[PDB]
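Participant: below: the sequence, then the experimentally determined structure.
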Amino acid sequence: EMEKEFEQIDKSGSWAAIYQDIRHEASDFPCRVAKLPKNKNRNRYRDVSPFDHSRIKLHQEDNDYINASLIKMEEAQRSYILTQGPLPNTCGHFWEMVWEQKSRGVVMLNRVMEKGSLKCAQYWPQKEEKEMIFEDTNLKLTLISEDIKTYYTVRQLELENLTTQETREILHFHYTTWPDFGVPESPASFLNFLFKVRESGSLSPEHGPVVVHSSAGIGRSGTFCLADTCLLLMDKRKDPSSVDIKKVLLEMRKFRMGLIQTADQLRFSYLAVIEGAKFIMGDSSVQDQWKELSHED
Amino acid sequence: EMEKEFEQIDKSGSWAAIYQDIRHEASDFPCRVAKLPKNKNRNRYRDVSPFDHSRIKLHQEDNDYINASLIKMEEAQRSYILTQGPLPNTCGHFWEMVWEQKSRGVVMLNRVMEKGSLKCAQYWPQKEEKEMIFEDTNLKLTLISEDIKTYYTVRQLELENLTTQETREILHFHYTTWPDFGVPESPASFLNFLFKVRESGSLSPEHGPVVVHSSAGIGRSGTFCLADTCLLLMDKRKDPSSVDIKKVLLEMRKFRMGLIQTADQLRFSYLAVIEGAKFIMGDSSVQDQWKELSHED
Amino acid sequence: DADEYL
Amino acid sequence: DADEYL
C-alpha cells in the first residue's frame, strides 16, 4: 500500500528525494499565450503559467487570457479549474470564467495578505450592503451570507449576469489556516474541509468545474486536488490498494504545472489520503471525529 | 538565538517557506564559460554550473574549465572549493585542480552509485596494487591506506606530479551514509565527521582549499560547509548569538549556486550548528558523545 | 525580484 | 531527461 510506501519513505526520510523524482518526471508543455507581452499584467507570478493545451479561455472577444487551467481527470471522473489569486485587474475575468464555466463552488486555499505580502485580490464582497460590479465583464457579485469557523468560512455569494439579469448562487469555501508553502493543521482539519466542500454538492458532475485557487493556483491547490482525486479513485475502485498517488500527481501535472510545491505537501497528501480511506473504506465515526479534531470552534 | 528561531520555525512548520525566501533571495551571476558548447562534456548536470567570477581555472593551456567553485569566506577566514562528482573524462582535471590549488583534504559526501544511478566516477584507487595515472594531466594517484568506519572512511592517498616527480599526501574523507537530497543520520554523525576532517589538519590555512564535493557539489556540500563556517564564526566571535545562518548561507550562495538543496537540509544545518556550539561554547564531553552516538562501529 | 513564487 | 539534479 501507499501506507506501506509512506511508512517506507518516512523511515528513509526520502520525501525530498521522491519529490524531485516527481519534479524531474513532470510534463512540460508550451505556455506561449501566457507569455505574450500583452498578457503580462494578467499574471501574478512570472514563473507560474497555464499550459496552452489546458488553459481556460474567456469567451471575451477582446483578449481571452486568464492564468487558469482545466485539470480534467479521466478515471476519477472529476475536473477542477486551478487558477492564481486574481489581480486587481483580473477579478472581472475570474468571475467571467466562473460564469462561463458554470462553476458552483470556489475553493480559496489562501488568505489575501500572507506574511506581509499580498497574495490575492479582495475579489468578493465582505459585507452584504456592498456588492461589487465588475464593469469590464458585466457581472454583479453580492454577499448573501457567511459561516465563519475556526480555520475556514463558507459564503453564499450571488453572481448576476448584468447582461441577462440571470443570477446564480456561488458557494465559496475559504480555508484561512494553510500557509504559503505550508501544510494544513492536520489530516483532520483538511479532510473536514474537503468533505464540507463535497457535501455542498459543489464538486458535483451536474455543474461546471469547481474553481480551486491559492496564490499561484499550484501548491495548496495541487494538494487539495491530489487528495480528493485519490479518494475518488479509491472509491471508484473501492479497492484503495491500487492507488498510486505519485502517478495521480503526474497525471495532474499534465494539465497544470507544479501541482504540489513542497516535499512536505507531498508527505501531507499521503497522510490525508491514507486517513480518508478509513471513511471511504467504511468507517463512519471518522468523519465526526475529524470535525472534533478540526476544532472548528 | 538561532535556537530560538529554529524552535520558532519548527513550531510554525516554516522550513519550506523560509527556504524559498532564501532561494528567492540568492544571487545570480553569469556562468558563461560553463555553457560554452565545448565545455558541455565537462559538466555532470545541465542545471548546475559555476559562476564565472568564482570558478576555479585549471592552469591547463588547452581548456581551463572544471565545474568547481571557490567559496572564499571573509569573516570565517575559511575557503572551500565545491565541485561536482568528477566524470570519467574529468578525474584528470579534478586531480589537476587538487594539485594546483594545493588542497590537502577531499571531502566526498556522496557514493559513486546511488539508488541505481551513477553520481560520480571512481576517481581514486580502491586497492594499493593499482594506482591510477591520469594521462592527460600527468599525475599518478595511489592508495596508501584506509580507515573504514560504519558510515565514513578516511584514506591517505599519494598524488604525484609525474612531471616533477614531486609527491603529496591527500587525506580523503568519504561520507557514505548521506543520501542524495537527504540528511546525515543525526547531528552526532555529522558533527563527528566534520571534526574528524577538522583534526586531520585538512581545513587548515596553511594549505590550499579543502575540495568538498557530492554529486553536484551543492546540496550535501552546501550543508557540510554551512555548518562548518557557522561554527567558525561563533568561535571567531565566541559570542555564538550573533550568527545568522540564513545570512551565512546567502553569503555562500554568492560563490556557487544552490548551496543547500532542500528545506530539511536547511533545518538540519540548524540542528547541527546548534549542537556544535555546545562544544565550541565549551562542553568537552559532547565530542566524545558524538562519537558514541555516531556508532562508528 | 518580487514577481516569483517557485 | 537524465541531465538534471535540481
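Facilitator: The structure has been received and is ready for your questions. Residues are numbered from 1 along each chain as shown, chains lettered A, B, ... in the order given.

Participant: contacts only, for whatever residue of the stretch 151-297 of chain A ends up closest to chain D.
Facilitator: Closest residue of the stretch 151-297 of chain A to chain D, Cβ to the nearest Cβ: residue A:250 (13.1 Å). C-beta: built from backbone N, CA, C; applies to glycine. For residue A:250, the contact set (Cβ atoms under 8 Å, 6 or more residues apart in numbering or on different chains) comprises A:22, A:25-27.

Participant: mind checking which of these are buried?
Facilitator: Buried subset of these (neighbour count, 16 or more other Cβ atoms under 10 Å in any protein chain shown): A:22, A:26.

Participant: in helices, which of the contacts of residue A:250 appear?
Facilitator: Per DSSP state H, helices hold the following members of the contacts of residue A:250: A:22, A:25.

Participant: tell me the one among the contacts of residue A:250 nearest to residue B:163.
Facilitator: Each of the contacts of residue A:250 was checked against residue B:163 using Cβ to Cβ; the closest is residue A:25, at 46.8 Å.

Participant: mind checking how far the nearest residue to the closest one once chain neighbours are set aside is from chain B?
Facilitator: Spatial nearest neighbour of residue A:25, excluding adjacent residues (Cβ to Cβ, 6 or more residues apart in numbering or on different chains): residue A:250 at 6.0 Å. Per Cβ to the nearest Cβ, to the nearest Å, residue A:250 is found 18 Å from chain B.

Participant: ok, so of the contacts of residue A:250, who is nearest chain D?
Facilitator: Distance to chain D across these (Cβ to the nearest Cβ) is lowest for residue A:25, with 7.9 Å.

Participant: which residue is the nearest non-sequential neighbour of the residue of chain A found nearest chain D?
Facilitator: For chain A, the residue closest to chain D is residue A:24, as judged by Cβ to the nearest Cβ, at 5.9 Å. Excluding its sequence neighbours, the residue lying closest to residue A:24 (Cβ to Cβ, 6+ apart) is residue D:4, at 5.9 Å.

Participant: check contacts around the one you found.
Facilitator: Residue D:4 is in contact with A:24, B:45-47, counting by Cβ under 8 Å, 6+ apart.

Participant: buried subset of those as a PyMOL selection?
Facilitator: If you want just the buried ones from these in PyMOL, going by 16+ other Cβ under 10 Å, the selection is:
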select buried, chain B and resi 45
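
Participant: distance to residue B:158 for the contacts of residue D:4 - can I get that in a markdown table?
Facilitator: Below are the contacts of residue D:4 laid out as a markdown table (distance: Cβ to Cβ, whole Å):
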| residue | distance to residue B:158 |
| --- | --- |
| A:24 | 39 |
| B:45 | 31 |
| B:46 | 35 |
| B:47 | 35 |
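
Participant: between the contacts of residue D:4, which is nearest residue B:294?
Facilitator: The nearest member of the contacts of residue D:4 to residue B:294, counting by Cβ to Cβ, is residue B:45 at 30.3 Å.

Participant: next, that closest one: phi, psi?
Facilitator: Dihedral pair for residue B:45: phi -120, psi 130, per degrees, to the nearest 10.

Participant: residue A:80 - how many residues pack around it?
Facilitator: Close neighbours of residue A:80, defined as other Cβ atoms under 10 Å in any protein chain shown, add up to 27.

Participant: list the buried ones in stretch A:115-132?
Facilitator: Neighbour counts over stretch A:115-132 (16+ other Cβ under 10 Å) mark A:119-121, A:123-125, A:131-132 as buried.

Participant: residue numbers of the stretch 151-297 of chain A in contact with chain B?
Facilitator: Counting by Cβ under 8 Å from any Cβ of the partner chain, the residues of the stretch 151-297 of chain A close to chain B are A:179-183, A:261-265.

Participant: what do you get if the cut-off is 10 Å, keeping everything else the same?
Facilitator: Within the stretch 151-297 of chain A, the positions near chain B by Cβ under 10 Å from any Cβ of the partner chain are A:179-183, A:185, A:219, A:261-265.

Participant: I'd like those residues as CSV, with neighbour count and distance to chain D appended.
Facilitator: Output for these, formatted as CSV (neighbours: other Cβ atoms under 10 Å in any protein chain shown; distance: Cβ to the nearest Cβ, whole Å):
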residue, neighbour count, distance to chain D
A:179, 18, 24
A:180, 22, 21
A:181, 24, 17
A:182, 23, 22
A:183, 24, 23
A:185, 18, 30
A:219, 28, 18
A:261, 26, 14
A:262, 23, 15
A:263, 24, 14
A:264, 21, 18
A:265, 23, 18
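
Participant: which ones, among those residues, also lie beside chain C?
Facilitator: Filtering these for neighbours of chain C using Cβ under 10 Å from any Cβ leaves A:180-181, A:219, A:261.

Participant: returning to what we had before: so the residue nearest to residue A:24, which of the three states?
Facilitator: Judged by DSSP: H, G, I helix; E, B strand; the rest coil, the three-state class of residue D:4 is coil.

Participant: next step: the buried residues of stretch A:115-132 restricted to strands.
Facilitator: Among these, the members falling in strands (DSSP state E) are residue A:132.

Participant: can you name the two of the buried residues of stretch A:115-132 that are farthest apart?
Facilitator: Taking Cβ to Cβ as the measure, the buried residues of stretch A:115-132 span a maximum distance of 23.7 Å, between A:119 and A:131.

Participant: mind listing the strands for the stretch 1-150 of chain A?
Facilitator: Assigned by DSSP state E, counting those that start in this stretch, the stretch 1-150 of chain A shows strands spanning A:68-73, A:78-83, A:105-108, A:113-114, A:117-118, A:132-134, A:139-148.

Participant: now for the ones you listed, which one comes closest to residue B:170?
Facilitator: When these are compared by Cβ to Cβ, strand A:117-118 sits nearest residue B:170, at 48.9 Å.

Participant: what strands flank the closest one, and is each parallel or antiparallel?
Facilitator: Strand A:117-118 has its sheet partners listed here by DSSP bridges as strand A:113-114 (antiparallel).

Participant: pretty sure residue A:62 sits against residue A:39.
Facilitator: No. Applying Cβ atoms under 10 Å as the test, residue A:62 and residue A:39 come out as separate, 11.7 Å apart.

Participant: close to chain D: what parts of chain A are there?
Facilitator: Residues of chain A lying close to chain D by Cβ under 10 Å from any Cβ are A:20, A:23-25.

Participant: how deep is residue A:88 tucked in, by neighbour count?
Facilitator: For residue A:88, using other Cβ under 10 Å, the count is 11.

Participant: please apply the same query to residue A:77.
Facilitator: 12.

Participant: now swap in the one 10 residues further on and tell me
Facilitator: Neighbouring residues of residue A:87 were enumerated by other Cβ under 10 Å; the total is 18.

Participant: residue A:212 now?
Facilitator: Look at residue A:212: counted by other Cβ under 10 Å, it has 26 neighbours.

Participant: so it, which of the three states?
Facilitator: Recorded secondary structure, residue A:212: strand (three-state DSSP).

Participant: surely it touches residue A:84?
Facilitator: No. Judged on Cβ under 10 Å, residue A:212 makes no contact with residue A:84 at a distance of 11.1 Å.

Participant: list residues touching both of these two?
Facilitator: Common contact partners of residue A:212 and residue A:84 (Cβ atoms under 10 Å, 6 or more residues apart in numbering or on different chains): residue A:221.
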